[PDB]
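FYI the Cβ positions are ideal-geometry reconstructions off the backbone, even for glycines, and counts take in every protein chain you see. Here, each number is a calculation from the coordinates, and none is a lab measurement.
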């Protein structure tokens with residue numbers, strides 16, 4: 001589920 | 001090793017490039033700013049000039065890079081022939097106003113012209129380039145310095161280019177001295193750090209093709225996308241580094257620059273005054289196929305430069321092709337046009353009949369190159385436009401097989417097995433699909449600056465200088481954030497360079 | 001019960017009609033109910049699904065998730081929503097194929113024909 005975590009972090013960075 | 005024989009060859013290869021740069025920047029001001037030559041007419045004249053200069057001095061010697069004139073979107077590759085001028089029109093006849101400059105050959109105002117070229121002697125080569133800018137004229141003024149400075153994102157781009165250029169020059173100068181560096185000894189870590197923060201200050205991202213690297217005899221990086229190499233120390237900034245910086249071979253750690261070495265700088269900055277958002281900066285190739293799509297923003301063209309893969313061999317059935325292959329392999333491993341290979345190309349005297357002679361020779365050379373290309377002997381150096389993609393489409397995308405998608409009918413292999421962003425498991429093929437799969441087809445303007453330097457105690461900068469690449473005065477903003485580590489270091493570097501010693505080769509009159 | 005001669009209670013005929021239904025009929029077959037808020041808003045219980053509609057899942061293992069529709073695969077009798085994907089270890093994501101009878105709509109994509117459909121079906125808008 002690594003893609004899940006990296007996409008979560010990437011959403012976090014792009015939303016702010 | 002940096003012998004006298006090596007470095008004076010570097011010098012006399014460099015200053016030919018310098019005076020040819022002056023020639024082009026001469027001619028363009030003659031044509032547009034002064035009280036009208038097209039791009040392909042500039043290019044072969046510049047190459048004629050360079051070879052006419054090369055004849056006087058000096059066995060393997062000639063043009064490493066054919067003179068490339070990019071305009072306003074193209075990261076690299078635009079350098080067409082006189083064959084193709086009507087073809088460009090009747091291909092792009094139905095498209096829209098964008099790329100009008102590159103299509104017609106006449107340059108417009110506010111048009112960001114990135115010139116680049118290079119010359120080599122016995123494998124020892126020197127590249128150079130300069131982003132200049134067109135801006136309309138003053139008529140009421142007596143001297144007519146042309147009116148208006150530049151303001152927008154292109155100005156950003158030019159500023160970032162020049163500042164990054166001078167800063168990396170100074171860094172590689174301090175490479176000689178383990179001192180005279182603000183601790184705020186030298187590494188690609190530091191280089192990428194300072195250039196990335198400059199790019200972030202000016203809001204102009206780094207293009208994937210840009211790099212800074214070592215040079216050896218016959219091994220510069222002229223191609224950098226087609227031919228491979230094991231021993232390559234240097235720094236690049238591609239989509240992998242973009243995603244890594246968003247998160248937090250070409251190794252960057254085990255890399256500290258040393259004395260007695262020759263280096264290439266090549267920086268490309270793509271401006272962001274719109275775009276609204278975080279997003280990727282990638283490259284898209286330009287094909288000659290009108291019929292693959294319906295959209296008008298696409299450019300339709302044929303690259304002029306080739307390069308031949310001397311590892312392969314295949315007997316041609318065609319006399320013209322075999323003779324052209326003779327003419328090719330008697331030249332070197334550097335890219336070439338069909339005009340370079342001819343009987344009347346240097347133009348000792350110049351008229352219309354000699355250009356006609358060249359055109360007929362070109363009509364035969366294209367037939368030869370057809371068979372030489374159908375067999376995988378020569379390949380095209382591609383025409384690449386910078387294109388922007390927002391992260392939203394990429395993250396919402398669906399790639400049913402990641403790390404396993406080739407593109408399988410891409411002809412070169414090396415742009416095929418790329419995997420630009422290993423995280424997220426997307427490849428160049430699906431990235432192209434996503435770039436096309438959106439009405440946010442935003443293409444960026446790009447600015448380019450290329451130099452060659454050598455470290456002996458001084459930094460001998462074989463290109464550049466103030467005669468060469470003095471910037472078009474502009475009016476930008478976002479001018480360099482103070483209040484950080486790295487910015488203090490950069491300003492201390494700029495002040496301390498005035499004492500470090502930077503030698504610079506002048507052009508030939 | 002059935003009180004007409006036009007229509008048939010035949011399993012075989014009905015299944016054949018379903019599985020050979022063309023896309024124009026699959027549109028109305030692949031209908032989704034609306035949430036209670038949109039139901040009070042408009043005055044309508046269900047609609048045919050389309051592409052730019054925001055949706056929420058209420059049945060299956062992917063329950064309590066929600067997002068906007070990315071495809072309507074009428075051939076597969078399903079719809080492909082974003083943020084619902086089976087992520088493989090390499091990095092590959094495939095969409096989960098959902099049925100809109102399970103889904104519930106939260107927000108619509110409104111144009112003239114859709115407004116007219118609602119006014120026709122008895123919506124105060």
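Per-residue extension of 0.36 nm, minus the Cα-Cα distance of residue C:52 and residue C:35, leaves a gain of 4.5 nm for this segment. Counts of other chain beta carbons within 10 angstrom of each beta carbon in peptide B:397-409 average 4. One equal scatterer on each Cα of region B:389-432, no solvent, Debye formula: the resulting log10 I(q)/I(0) at q = 0.18, 0.27, 0.29 Å⁻¹ is -0.50, -0.99, -1.09. Here the peptides C:64-70, B:410-416, B:458-464 are ranked by packing, the mean other Cβ count within 10 Å, and the order with the highest first is B:458-464, C:64-70, B:410-416.
The separation of region C:1-57 from region B:397-413, counted between C-alpha centres, amounts to 39 Å. Placing dummy labels 7 Å off each Cα toward the beta-carbon, the span from residue B:411 to residue B:509 is 4.8 nm.
Give me a single rounded figure for C:80-92: the average over its residues of other chain Cβ atoms within 10 Å of their Cβ. Numbers along the way, then the final one.
Details: counts 1, 0, 4, 3, 0, 8, 1, 7, 7, 6, 9, 17, 11.
Other-chain Cβ atoms within 10 Å of each residue's Cβ, averaged: 6.
Quick one: if the Förster radius is 41 Å, what FRET efficiency do residue B:137 and residue B:352 give, using the C-beta to C-beta distance and rounding to 0.05? Efficiency computed from Cβ-Cβ geometry: 0.90. Calculated mean residue ellipticity at 222 nm for chain B: -10500 deg cm²/dmol, from DSSP H runs with n ≥ 4 weighted as -39500 (n - 2.57), summed, divided by the residue count and rounded to 500. When chain C is treated as a GNM with alpha-carbon contacts under 10 Å, the residue of C:34, C:103, C:75 showing the greatest mean-square fluctuation is C:75. Here the translational diffusion coefficient of region B:342-486 follows from Stokes-Einstein with Rh set to the Kirkwood radius across Cα pairs; for 37 °C and 0.692 mPa s it amounts to 152 µm²/s. Determine the shape class of chain B: with a ≥ b ≥ c the square roots of the Cα gyration tensor eigenvalues, call it rounded for a/c under 1.5, and otherwise prolate if a/b is greater than b/c, oblate otherwise. Rounded, since a/c falls under 1.5. Using the Cβ-Cβ distance between residue B:179 and residue B:478 with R0 = 30 Å, the FRET efficiency computed as 1/(1 + (r/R0)^6) comes to roughly 0.40. Going by neighbour counts of Cβ atoms within 10 Å, the residues B:139, B:504 line up, fewest first, as B:139, B:504. Packing here is the average count of other Cβ atoms within 10 Å per residue, and on that basis the peptides B:191-199, B:446-454, highest first, run B:446-454, B:191-199. Taking the Cα of residue B:249, stepping 7 Å toward and past its beta carbon, and measuring to each backbone N in region B:164-208: which are under 13 Å? Nothing falls inside the zone, counting backbone N under 13 Å. Over region B:221-373, the alpha carbon radius of gyration divided by the compact-protein estimate 2.2 N^0.38 Å works out to 1.43.
Hydrodynamic estimate: the Kirkwood radius of chain C over Cα pairs, inserted into Stokes-Einstein at 10 °C and 1.306 mPa s, corresponds to D of 98 µm²/s.
Shielding value for A:2-8 is 5, the average number of Cβ atoms from other chains within 10 Å of each residue's Cβ. Short-range pairs are left out: with C-alpha atoms under 8 Å and at least six residues apart, the relative contact order of chain C is 26 percent. Label positions at residue B:216 and residue B:403, each projected 7 Å from the Cα along the C-beta direction, are separated by 3.2 nm. Using the Cβ-Cβ distance between residue B:319 and residue C:76 with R0 set to 51 Å, the FRET efficiency from 1/(1 + (r/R0)^6) comes to roughly 0.35.
Eigenvalues of the alpha-carbon gyration tensor of the protein assembly as shown, scaled by 5 and square-rooted, set the equivalent ellipsoid semi-axes at 53, 30, 25 angstrom, largest first.
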